[PDB]
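Everything below belongs to target_26.cif, which stores mmCIF, N, CA and C atoms.
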```cif
data_my_file
loop_
_atom_site.group_PDB
_atom_site.id
_atom_site.type_symbol
_atom_site.label_atom_id
_atom_site.label_comp_id
_atom_site.auth_asym_id
_atom_site.auth_seq_id
_atom_site.Cartn_x
_atom_site.Cartn_y
_atom_site.Cartn_z
ATOM 1 N N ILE A 1 244.410 101.155 55.085
ATOM 2 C CA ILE A 1 244.879 99.922 54.466
ATOM 3 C C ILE A 1 246.387 99.846 54.624
ATOM 4 N N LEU A 2 246.888 98.703 55.087
ATOM 5 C CA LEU A 2 248.319 98.476 55.141
ATOM 6 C C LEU A 2 248.643 97.108 54.562
ATOM 7 N N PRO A 3 249.777 96.962 53.882
ATOM 8 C CA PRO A 3 250.215 95.631 53.458
ATOM 9 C C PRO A 3 251.067 94.974 54.528
ATOM 10 N N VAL A 4 250.910 93.662 54.681
ATOM 11 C CA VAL A 4 251.665 92.932 55.688
ATOM 12 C C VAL A 4 252.572 91.867 55.101
ATOM 13 N N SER A 5 252.408 91.479 53.842
ATOM 14 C CA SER A 5 253.215 90.399 53.300
ATOM 15 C C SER A 5 253.270 90.516 51.789
ATOM 16 N N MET A 6 254.143 89.714 51.198
ATOM 17 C CA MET A 6 254.278 89.565 49.760
ATOM 18 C C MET A 6 253.869 88.155 49.372
ATOM 19 N N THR A 7 254.077 87.816 48.109
ATOM 20 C CA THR A 7 253.978 86.425 47.708
ATOM 21 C C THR A 7 255.332 85.748 47.879
ATOM 22 N N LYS A 8 255.305 84.523 48.391
ATOM 23 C CA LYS A 8 256.535 83.794 48.677
ATOM 24 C C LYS A 8 256.994 83.143 47.386
ATOM 25 N N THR A 9 257.837 83.846 46.644
ATOM 26 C CA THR A 9 258.412 83.312 45.421
ATOM 27 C C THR A 9 259.789 82.748 45.721
ATOM 28 N N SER A 10 259.961 81.462 45.455
ATOM 29 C CA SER A 10 261.256 80.810 45.525
ATOM 30 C C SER A 10 261.639 80.364 44.127
ATOM 31 N N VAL A 11 262.842 80.725 43.701
ATOM 32 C CA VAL A 11 263.303 80.406 42.365
ATOM 33 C C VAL A 11 264.300 79.263 42.470
ATOM 34 N N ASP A 12 264.640 78.699 41.322
ATOM 35 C CA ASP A 12 265.739 77.757 41.218
ATOM 36 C C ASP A 12 266.807 78.464 40.409
ATOM 37 N N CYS A 13 268.063 78.091 40.623
ATOM 38 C CA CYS A 13 269.138 78.744 39.895
ATOM 39 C C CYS A 13 269.453 78.013 38.603
ATOM 40 N N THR A 14 269.725 76.713 38.692
ATOM 41 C CA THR A 14 270.098 75.956 37.505
ATOM 42 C C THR A 14 268.922 75.762 36.563
ATOM 43 N N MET A 15 267.702 75.699 37.095
ATOM 44 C CA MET A 15 266.527 75.603 36.238
ATOM 45 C C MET A 15 266.305 76.885 35.453
ATOM 46 N N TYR A 16 266.492 78.038 36.097
ATOM 47 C CA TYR A 16 266.335 79.303 35.395
ATOM 48 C C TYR A 16 267.459 79.508 34.398
ATOM 49 N N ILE A 17 268.700 79.307 34.834
ATOM 50 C CA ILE A 17 269.840 79.655 33.996
ATOM 51 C C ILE A 17 270.010 78.641 32.877
ATOM 52 N N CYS A 18 270.012 77.351 33.207
ATOM 53 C CA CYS A 18 270.271 76.333 32.200
ATOM 54 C C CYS A 18 269.043 75.484 31.898
ATOM 55 N N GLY A 19 268.634 74.609 32.805
ATOM 56 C CA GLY A 19 267.371 73.928 32.631
ATOM 57 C C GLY A 19 267.514 72.708 31.745
ATOM 58 N N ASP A 20 267.576 71.513 32.339
ATOM 59 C CA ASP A 20 267.808 70.235 31.650
ATOM 60 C C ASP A 20 269.003 70.313 30.698
ATOM 61 N N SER A 21 270.123 70.789 31.226
ATOM 62 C CA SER A 21 271.343 70.874 30.434
ATOM 63 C C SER A 21 272.531 70.587 31.333
ATOM 64 N N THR A 22 273.233 69.497 31.046
ATOM 65 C CA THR A 22 274.394 69.132 31.842
ATOM 66 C C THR A 22 275.574 70.049 31.563
ATOM 67 N N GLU A 23 275.763 70.434 30.298
ATOM 68 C CA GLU A 23 276.920 71.237 29.916
ATOM 69 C C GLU A 23 276.833 72.650 30.480
ATOM 70 N N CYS A 24 275.641 73.253 30.435
ATOM 71 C CA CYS A 24 275.452 74.581 31.006
ATOM 72 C C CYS A 24 275.655 74.574 32.515
ATOM 73 N N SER A 25 275.179 73.531 33.200
ATOM 74 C CA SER A 25 275.377 73.445 34.644
ATOM 75 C C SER A 25 276.841 73.201 34.996
ATOM 76 N N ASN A 26 277.540 72.411 34.179
ATOM 77 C CA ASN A 26 278.949 72.139 34.435
ATOM 78 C C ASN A 26 279.806 73.373 34.210
ATOM 79 N N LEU A 27 279.395 74.258 33.305
ATOM 80 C CA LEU A 27 280.040 75.565 33.239
ATOM 81 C C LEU A 27 279.567 76.507 34.339
ATOM 82 N N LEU A 28 278.347 76.318 34.844
ATOM 83 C CA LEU A 28 277.826 77.197 35.885
ATOM 84 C C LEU A 28 278.514 76.958 37.218
ATOM 85 N N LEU A 29 278.963 75.729 37.476
ATOM 86 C CA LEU A 29 279.613 75.455 38.757
ATOM 87 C C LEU A 29 280.983 76.112 38.888
ATOM 88 N N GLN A 30 281.574 76.585 37.789
ATOM 89 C CA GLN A 30 282.830 77.319 37.878
ATOM 90 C C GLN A 30 282.638 78.689 38.502
ATOM 91 N N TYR A 31 281.423 79.228 38.456
ATOM 92 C CA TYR A 31 281.156 80.519 39.069
ATOM 93 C C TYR A 31 281.038 80.436 40.581
ATOM 94 N N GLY A 32 281.000 79.238 41.147
ATOM 95 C CA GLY A 32 281.105 79.098 42.580
ATOM 96 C C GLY A 32 279.800 78.786 43.276
ATOM 97 N N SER A 33 279.644 79.323 44.479
ATOM 98 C CA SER A 33 278.468 79.089 45.308
ATOM 99 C C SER A 33 277.472 80.223 45.181
ATOM 100 N N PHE A 34 277.322 80.763 43.971
ATOM 101 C CA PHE A 34 276.485 81.937 43.763
ATOM 102 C C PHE A 34 275.012 81.628 43.968
ATOM 103 N N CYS A 35 274.527 80.554 43.369
ATOM 104 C CA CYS A 35 273.093 80.393 43.442
ATOM 105 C C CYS A 35 272.653 79.732 44.734
ATOM 106 N N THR A 36 273.588 79.165 45.496
ATOM 107 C CA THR A 36 273.320 78.856 46.895
ATOM 108 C C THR A 36 272.997 80.127 47.676
ATOM 109 N N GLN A 37 273.769 81.197 47.440
ATOM 110 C CA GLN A 37 273.498 82.490 48.066
ATOM 111 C C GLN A 37 272.153 83.051 47.632
ATOM 112 N N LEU A 38 271.839 82.936 46.340
ATOM 113 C CA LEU A 38 270.577 83.471 45.831
ATOM 114 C C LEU A 38 269.375 82.717 46.395
ATOM 115 N N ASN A 39 269.473 81.385 46.462
ATOM 116 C CA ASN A 39 268.421 80.580 47.068
ATOM 117 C C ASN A 39 268.275 80.881 48.551
ATOM 118 N N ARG A 40 269.392 81.122 49.241
ATOM 119 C CA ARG A 40 269.337 81.433 50.665
ATOM 120 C C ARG A 40 268.659 82.772 50.922
ATOM 121 N N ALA A 41 268.941 83.773 50.082
ATOM 122 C CA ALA A 41 268.305 85.080 50.231
ATOM 123 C C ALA A 41 266.801 85.004 50.003
ATOM 124 N N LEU A 42 266.383 84.282 48.960
ATOM 125 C CA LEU A 42 264.953 84.179 48.696
ATOM 126 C C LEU A 42 264.232 83.333 49.742
ATOM 127 N N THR A 43 264.889 82.296 50.269
ATOM 128 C CA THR A 43 264.316 81.519 51.363
ATOM 129 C C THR A 43 264.183 82.359 52.629
ATOM 130 N N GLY A 44 265.154 83.241 52.874
ATOM 131 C CA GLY A 44 265.075 84.122 54.027
ATOM 132 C C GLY A 44 263.911 85.088 53.957
ATOM 133 N N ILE A 45 263.692 85.702 52.792
ATOM 134 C CA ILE A 45 262.551 86.618 52.727
ATOM 135 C C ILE A 45 261.231 85.847 52.705
ATOM 136 N N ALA A 46 261.236 84.608 52.193
ATOM 137 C CA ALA A 46 260.017 83.811 52.198
ATOM 138 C C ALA A 46 259.615 83.383 53.603
ATOM 139 N N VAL A 47 260.575 83.134 54.494
ATOM 140 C CA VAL A 47 260.175 82.862 55.874
ATOM 141 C C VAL A 47 259.886 84.160 56.632
ATOM 142 N N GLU A 48 260.449 85.285 56.176
ATOM 143 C CA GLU A 48 260.115 86.575 56.766
ATOM 144 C C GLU A 48 258.656 86.950 56.533
ATOM 145 N N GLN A 49 258.066 86.507 55.417
ATOM 146 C CA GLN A 49 256.641 86.775 55.184
ATOM 147 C C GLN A 49 255.747 86.106 56.229
ATOM 148 N N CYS B 1 276.070 61.339 50.458
ATOM 149 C CA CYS B 1 275.140 62.388 50.053
ATOM 150 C C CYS B 1 273.958 61.861 49.242
ATOM 151 N N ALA B 2 274.072 60.678 48.637
ATOM 152 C CA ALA B 2 273.032 60.167 47.754
ATOM 153 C C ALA B 2 272.228 59.022 48.363
ATOM 154 N N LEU B 3 272.495 58.656 49.618
ATOM 155 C CA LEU B 3 271.781 57.551 50.253
ATOM 156 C C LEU B 3 270.333 57.885 50.562
ATOM 157 N N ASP B 4 270.072 59.083 51.072
ATOM 158 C CA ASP B 4 268.768 59.450 51.604
ATOM 159 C C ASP B 4 268.626 60.950 51.441
ATOM 160 N N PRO B 5 267.419 61.450 51.162
ATOM 161 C CA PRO B 5 267.118 62.866 51.421
ATOM 162 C C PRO B 5 267.556 63.415 52.786
ATOM 163 N N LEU B 6 267.606 62.604 53.850
ATOM 164 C CA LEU B 6 268.202 63.056 55.109
ATOM 165 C C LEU B 6 269.683 63.376 54.935
ATOM 166 N N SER B 7 270.437 62.431 54.382
ATOM 167 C CA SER B 7 271.849 62.686 54.157
ATOM 168 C C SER B 7 272.060 63.644 52.995
ATOM 169 N N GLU B 8 271.065 63.793 52.119
ATOM 170 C CA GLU B 8 271.110 64.869 51.136
ATOM 171 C C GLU B 8 271.009 66.228 51.814
ATOM 172 N N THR B 9 270.258 66.324 52.916
ATOM 173 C CA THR B 9 270.246 67.577 53.666
ATOM 174 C C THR B 9 271.531 67.787 54.438
ATOM 175 N N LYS B 10 272.115 66.708 54.958
ATOM 176 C CA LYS B 10 273.432 66.829 55.581
ATOM 177 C C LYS B 10 274.484 67.270 54.571
ATOM 178 N N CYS B 11 274.344 66.825 53.329
ATOM 179 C CA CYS B 11 275.203 67.217 52.224
ATOM 180 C C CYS B 11 274.995 68.678 51.832
ATOM 181 N N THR B 12 273.743 69.110 51.669
ATOM 182 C CA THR B 12 273.471 70.483 51.258
ATOM 183 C C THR B 12 273.662 71.479 52.383
ATOM 184 N N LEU B 13 273.685 71.016 53.622
ATOM 185 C CA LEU B 13 273.816 71.890 54.770
ATOM 186 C C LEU B 13 275.243 71.953 55.291
ATOM 187 N N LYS B 14 276.121 71.086 54.768
ATOM 188 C CA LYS B 14 277.557 71.044 55.070
ATOM 189 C C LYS B 14 277.780 70.795 56.565
ATOM 190 N N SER B 15 276.948 69.930 57.143
ATOM 191 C CA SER B 15 277.006 69.637 58.569
ATOM 192 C C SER B 15 276.441 68.248 58.820
ATOM 193 N N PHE B 16 276.746 67.709 60.005
ATOM 194 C CA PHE B 16 276.313 66.370 60.388
ATOM 195 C C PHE B 16 275.192 66.337 61.408
ATOM 196 N N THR B 17 274.786 67.476 61.952
ATOM 197 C CA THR B 17 273.701 67.521 62.924
ATOM 198 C C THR B 17 272.756 68.617 62.461
ATOM 199 N N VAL B 18 271.698 68.236 61.767
ATOM 200 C CA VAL B 18 270.703 69.223 61.382
ATOM 201 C C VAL B 18 269.830 69.491 62.593
ATOM 202 N N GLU B 19 269.142 70.616 62.580
ATOM 203 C CA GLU B 19 268.212 70.909 63.653
ATOM 204 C C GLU B 19 266.789 70.750 63.143
ATOM 205 N N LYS B 20 265.841 70.924 64.056
ATOM 206 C CA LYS B 20 264.432 70.741 63.743
ATOM 207 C C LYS B 20 263.956 71.784 62.744
ATOM 208 N N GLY B 21 263.363 71.329 61.654
ATOM 209 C CA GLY B 21 262.840 72.239 60.661
ATOM 210 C C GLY B 21 262.722 71.583 59.303
ATOM 211 N N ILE B 22 262.532 72.437 58.306
ATOM 212 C CA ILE B 22 262.239 72.044 56.936
ATOM 213 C C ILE B 22 263.358 72.563 56.039
ATOM 214 N N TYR B 23 263.775 71.752 55.070
ATOM 215 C CA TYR B 23 264.987 72.040 54.314
ATOM 216 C C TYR B 23 264.784 71.786 52.830
ATOM 217 N N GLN B 24 264.757 72.854 52.042
ATOM 218 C CA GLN B 24 264.704 72.757 50.589
ATOM 219 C C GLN B 24 266.062 72.302 50.073
ATOM 220 N N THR B 25 266.093 71.173 49.361
ATOM 221 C CA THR B 25 267.353 70.645 48.847
ATOM 222 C C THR B 25 267.537 70.885 47.353
ATOM 223 N N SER B 26 266.656 70.331 46.527
ATOM 224 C CA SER B 26 266.995 70.142 45.123
ATOM 225 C C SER B 26 265.739 70.176 44.266
ATOM 226 N N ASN B 27 265.959 70.239 42.960
ATOM 227 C CA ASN B 27 264.910 70.151 41.958
ATOM 228 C C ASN B 27 264.920 68.733 41.409
ATOM 229 N N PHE B 28 263.803 68.030 41.554
ATOM 230 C CA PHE B 28 263.620 66.746 40.901
ATOM 231 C C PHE B 28 262.828 66.976 39.624
ATOM 232 N N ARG B 29 263.073 66.146 38.616
ATOM 233 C CA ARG B 29 262.214 66.192 37.446
ATOM 234 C C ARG B 29 262.123 64.813 36.821
ATOM 235 N N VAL B 30 261.035 64.605 36.085
ATOM 236 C CA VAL B 30 260.809 63.335 35.417
ATOM 237 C C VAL B 30 261.744 63.232 34.224
ATOM 238 N N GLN B 31 262.463 62.123 34.138
ATOM 239 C CA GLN B 31 263.461 61.968 33.095
ATOM 240 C C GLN B 31 262.788 61.677 31.756
ATOM 241 N N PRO B 32 263.181 62.375 30.693
ATOM 242 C CA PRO B 32 262.558 62.136 29.388
ATOM 243 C C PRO B 32 262.999 60.812 28.784
ATOM 244 N N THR B 33 262.029 60.093 28.222
ATOM 245 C CA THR B 33 262.238 58.787 27.617
ATOM 246 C C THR B 33 261.637 58.786 26.217
ATOM 247 N N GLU B 34 262.039 57.792 25.412
ATOM 248 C CA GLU B 34 261.653 57.583 24.002
ATOM 249 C C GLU B 34 261.788 58.873 23.178
ATOM 250 N N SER B 35 263.050 59.258 22.988
ATOM 251 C CA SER B 35 263.383 60.439 22.199
ATOM 252 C C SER B 35 262.918 60.286 20.756
ATOM 253 N N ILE B 36 262.023 61.175 20.325
ATOM 254 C CA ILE B 36 261.436 61.115 18.994
ATOM 255 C C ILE B 36 262.057 62.196 18.124
ATOM 256 N N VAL B 37 262.058 61.944 16.818
ATOM 257 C CA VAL B 37 262.590 62.862 15.817
ATOM 258 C C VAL B 37 261.567 62.934 14.697
ATOM 259 N N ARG B 38 261.160 64.146 14.325
ATOM 260 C CA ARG B 38 260.206 64.347 13.240
ATOM 261 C C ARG B 38 260.763 65.327 12.222
ATOM 262 N N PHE B 39 260.666 64.960 10.954
ATOM 263 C CA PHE B 39 261.103 65.734 9.805
ATOM 264 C C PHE B 39 260.018 65.647 8.746
ATOM 265 N N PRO B 40 260.012 66.556 7.767
ATOM 266 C CA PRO B 40 259.126 66.377 6.611
ATOM 267 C C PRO B 40 259.508 65.150 5.794
ATOM 268 N N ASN B 41 258.520 64.606 5.081
ATOM 269 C CA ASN B 41 258.664 63.317 4.414
ATOM 270 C C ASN B 41 259.317 63.394 3.037
ATOM 271 N N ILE B 42 260.022 64.481 2.716
ATOM 272 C CA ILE B 42 260.646 64.607 1.406
ATOM 273 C C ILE B 42 261.844 63.671 1.307
ATOM 274 N N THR B 43 262.196 63.300 0.073
ATOM 275 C CA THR B 43 263.366 62.460 -0.147
ATOM 276 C C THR B 43 264.169 62.856 -1.382
ATOM 277 N N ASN B 44 263.795 63.929 -2.078
ATOM 278 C CA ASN B 44 264.563 64.376 -3.232
ATOM 279 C C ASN B 44 265.905 64.939 -2.785
ATOM 280 N N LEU B 45 266.947 64.627 -3.544
ATOM 281 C CA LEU B 45 268.292 65.027 -3.166
ATOM 282 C C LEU B 45 268.594 66.427 -3.679
ATOM 283 N N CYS B 46 269.257 67.217 -2.837
ATOM 284 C CA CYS B 46 269.546 68.605 -3.165
ATOM 285 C C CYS B 46 270.553 68.685 -4.310
ATOM 286 N N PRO B 47 270.366 69.614 -5.258
ATOM 287 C CA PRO B 47 271.197 69.640 -6.477
ATOM 288 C C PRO B 47 272.585 70.227 -6.242
ATOM 289 N N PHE B 48 273.391 69.523 -5.450
ATOM 290 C CA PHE B 48 274.747 69.973 -5.178
ATOM 291 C C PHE B 48 275.718 69.611 -6.294
ATOM 292 N N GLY B 49 275.367 68.647 -7.146
ATOM 293 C CA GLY B 49 276.234 68.307 -8.260
ATOM 294 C C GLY B 49 276.258 69.368 -9.338
#
```
Rewrite the coordinates I just gave you, this time as structure tokens.
Amino acid sequence: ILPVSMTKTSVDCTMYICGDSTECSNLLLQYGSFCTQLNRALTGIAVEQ
Amino acid sequence: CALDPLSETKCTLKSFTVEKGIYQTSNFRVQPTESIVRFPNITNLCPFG
């Protein structure tokens, strides 16, 4: 038996961290392009599957 | 950036010539309407005097 793939989990950044909140997102954008990087990493492993 | 999901991809991709493929942009959600407020039906005033 060998495994060949995982489940393709893609997350959202602002939905996880804040979620229907303008003020939390407006403070989150001061941290930069962080969750663009996080979404890009998860999209990369999801196409790798 | 807000004219079309096509130009939304040009916006999220930071480029003017996208290539062939599929592009995750954003989280859409249904906007909440008719904001309701529910409280218990009491009306006695608290004895602050």
Next on the checklist: Residues near residue 13 (chain A), anyone? I mean within 7 Å using only C-alpha atoms, not counting same-chain ones fewer than 3 positions away, as a VMD selection string.
Outcome noted: chain A and resid 16 to 17 35
Checklist outcome for this item: atom C of residue 11 (chain A) sits from atom C of residue 47 (chain A) at a separation of 15.6 Å
Next on the checklist: When the PyMOL selection byres ((chain B and name CA) within 12 of (chain A and name CA)) is applied to the structure above, which residues does it catch, written out as a PyMOL selection string?
Outcome noted: chain B and resi 12-13+21-32
Might I get the box with edges along x, y and z of the file that holds all atoms of region 21-35 of chain A listed there, padded by 4 Å on every side, given as centre and edge lengths in Å to one decimal, as JSON?
```
{"center_x": 276.5, "center_y": 75.5, "center_z": 37.6, "size_x": 20.7, "size_y": 20.8, "size_z": 23.4}
```
Item to check | Atom-to-atom span, CA of residue 44 (chain A) and CA of residue 19 (chain A), Å | outcome: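 Between CA of residue 44 (chain A) and CA of residue 19 (chain A) the gap is 23.8 Å.
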Item to check | Distance in Å - CA of residue 10 (chain A) versus atom N of residue 38 (chain A) | outcome: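 Those two atoms sit 10.8 Å apart.
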Next on the checklist: According to DSSP computed on the backbone, where in chain A is there alpha helix (DSSP H)? Give the residues as a list in words.
Outcome noted: residues 14, 15, 16, 17, 22, 23, 24, 25, 26, 27, 28, 34, 35, 36, 37, 38, 39, 40, 41, 42, 43, 44, 45, 46, 47 and 48 of chain A
Item to check | Ref. answer, residues at most 9 Å from (254.8, 85.0, 53.8) with only C-alpha atoms, as a VMD selection string | outcome: chain A and resid 4 to 8 45 to 49
Since the input lacks atoms, please generate N, CA, C and O atoms for region 14-27 of chain B and provide them as an mmCIF file, keeping the file's coordinate frame.
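File produced: rebuild_23.cif:
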```cif
data_model
loop_
_atom_site.group_PDB
_atom_site.id
_atom_site.type_symbol
_atom_site.label_atom_id
_atom_site.label_comp_id
_atom_site.auth_asym_id
_atom_site.auth_seq_id
_atom_site.Cartn_x
_atom_site.Cartn_y
_atom_site.Cartn_z
ATOM 1 N N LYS B 14 276.121 71.086 54.768
ATOM 2 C CA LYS B 14 277.557 71.044 55.070
ATOM 3 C C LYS B 14 277.780 70.795 56.565
ATOM 4 O O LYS B 14 278.663 71.374 57.200
ATOM 5 N N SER B 15 276.948 69.930 57.143
ATOM 6 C CA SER B 15 277.006 69.637 58.569
ATOM 7 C C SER B 15 276.441 68.248 58.820
ATOM 8 O O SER B 15 275.744 67.681 57.976
ATOM 9 N N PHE B 16 276.746 67.709 60.005
ATOM 10 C CA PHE B 16 276.313 66.370 60.388
ATOM 11 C C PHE B 16 275.192 66.337 61.408
ATOM 12 O O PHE B 16 274.700 65.248 61.719
ATOM 13 N N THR B 17 274.786 67.476 61.952
ATOM 14 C CA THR B 17 273.701 67.521 62.924
ATOM 15 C C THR B 17 272.756 68.617 62.461
ATOM 16 O O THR B 17 272.998 69.797 62.721
ATOM 17 N N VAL B 18 271.698 68.236 61.767
ATOM 18 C CA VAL B 18 270.703 69.223 61.382
ATOM 19 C C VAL B 18 269.830 69.491 62.593
ATOM 20 O O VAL B 18 269.776 68.697 63.538
ATOM 21 N N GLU B 19 269.142 70.616 62.580
ATOM 22 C CA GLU B 19 268.212 70.909 63.653
ATOM 23 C C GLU B 19 266.789 70.750 63.143
ATOM 24 O O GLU B 19 266.553 70.451 61.971
ATOM 25 N N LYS B 20 265.841 70.924 64.056
ATOM 26 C CA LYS B 20 264.432 70.741 63.743
ATOM 27 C C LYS B 20 263.956 71.784 62.744
ATOM 28 O O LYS B 20 264.130 72.986 62.955
ATOM 29 N N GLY B 21 263.363 71.329 61.654
ATOM 30 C CA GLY B 21 262.840 72.239 60.661
ATOM 31 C C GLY B 21 262.722 71.583 59.303
ATOM 32 O O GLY B 21 262.801 70.368 59.162
ATOM 33 N N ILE B 22 262.532 72.437 58.306
ATOM 34 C CA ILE B 22 262.239 72.044 56.936
ATOM 35 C C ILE B 22 263.358 72.563 56.039
ATOM 36 O O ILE B 22 263.882 73.660 56.258
ATOM 37 N N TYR B 23 263.775 71.752 55.070
ATOM 38 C CA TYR B 23 264.987 72.040 54.314
ATOM 39 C C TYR B 23 264.784 71.786 52.830
ATOM 40 O O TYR B 23 264.694 70.633 52.406
ATOM 41 N N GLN B 24 264.757 72.854 52.042
ATOM 42 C CA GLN B 24 264.704 72.757 50.589
ATOM 43 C C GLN B 24 266.062 72.302 50.073
ATOM 44 O O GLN B 24 267.075 72.954 50.339
ATOM 45 N N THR B 25 266.093 71.173 49.361
ATOM 46 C CA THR B 25 267.353 70.645 48.847
ATOM 47 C C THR B 25 267.537 70.885 47.353
ATOM 48 O O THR B 25 268.466 71.587 46.947
ATOM 49 N N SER B 26 266.656 70.331 46.527
ATOM 50 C CA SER B 26 266.995 70.142 45.123
ATOM 51 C C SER B 26 265.739 70.176 44.266
ATOM 52 O O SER B 26 264.612 70.154 44.764
ATOM 53 N N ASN B 27 265.959 70.239 42.960
ATOM 54 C CA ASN B 27 264.910 70.151 41.958
ATOM 55 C C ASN B 27 264.920 68.733 41.409
ATOM 56 O O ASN B 27 265.937 68.280 40.877
#
```
